[PDB]
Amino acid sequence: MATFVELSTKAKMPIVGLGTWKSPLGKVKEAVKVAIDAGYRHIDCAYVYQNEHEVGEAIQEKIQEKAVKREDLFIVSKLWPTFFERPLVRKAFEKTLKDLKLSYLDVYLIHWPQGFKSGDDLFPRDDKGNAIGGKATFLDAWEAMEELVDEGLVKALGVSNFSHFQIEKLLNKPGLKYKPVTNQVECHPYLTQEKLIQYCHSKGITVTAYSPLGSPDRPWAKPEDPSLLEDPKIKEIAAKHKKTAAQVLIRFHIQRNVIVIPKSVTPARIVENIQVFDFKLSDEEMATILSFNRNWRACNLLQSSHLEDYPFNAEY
């Protein structure tokens, strides 16, 4: 049962959530049920994961058995960048909310800052695999998303994969109604995000750490790629506390007041991953872990490098 990070809306965002990317149909429902049982309240979802309907089924069950009040649940989903044109924001969201069988989302995030070709082809690409841009921007999207908050369909808005330059563009937009309550970005010992975290915090924006375990099952994973869970320098620290590497990797974010959403459909791991409130990494250990930084991203979306608002070119 987790602590919280307070958002600028005074809302309380549970500091550990369950990730659902690539959680297969036929296992994600069980994963959500096991998670809620184990004390998880934060569930990270997305339209593009195309499993929200099963997530929704699992949440409905736990609600009616009263394992949890809806108000105790913190549900996040995200707008995919092929839906930045205004009517598409509404339709994408409605499909998300319908699949989820909920009456409101706690947070709705812009999934990526760069607009893709609009429509229902989620991965518009040229023969070489490069992403196809669209003309609607994350500003056009945000505008429409703000209406969701007005109508109470969404409690708060956020962004994901944004650089500080992007955040600035958002905050300095004349006629902005709502500010982002979080920036969800890849974060872990190899990509510690010190400057971006500093920047978001100085603006009232929390950070949500995705792929905290290095996303070891991602599709594009090459054996030469570094591997956090197998890192002897991470494993040493874990051994020092008789905890697993995953638990250290998750705890690291908690002690930075950074929200963290490890993905699993394995019951034992789902439990393990929230058992991170009965130990504490020393300052020496936190400093050692931070020193592992090498600015390596497991998620680069390099196929969209050529589009205007590519977030990862900037330093932070």
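Residue numbers run from 1 along the displayed sequence.
- Of the two segments examined, 260-268 and 29-37, it is 29-37 that shows the higher average Cα temperature factor in the deposited entry.
- According to the PDB record, 214-222 carries the higher mean C-alpha B-factor of the two stretches 237-245 and 214-222.
- Across 72, 99, 106, 186, the entry's maximum B-factor at the CA atom is seen for 72.
- Looking only at 191, 197, 132, 148, the residue with the top Cα B factor in the deposited structure is 148.
- Looking at the C-alpha B-factors along this chain, the one for residue 119 belongs to the highest third.
- Among all modelled residues in this chain, the alpha-carbon of residue 140 has a temperature factor (C-alpha) in the lowest third.
- Split the chain's modelled residues into thirds by C-alpha temperature factor. Residue 299 is in the highest one.
- Placement of the Cα temperature factor of residue 113 within the chain: lowest third of the modelled residues, per the deposited record.
- For residue 291, the recorded CA temperature factor ranks within the middle third of the chain's modelled residues.
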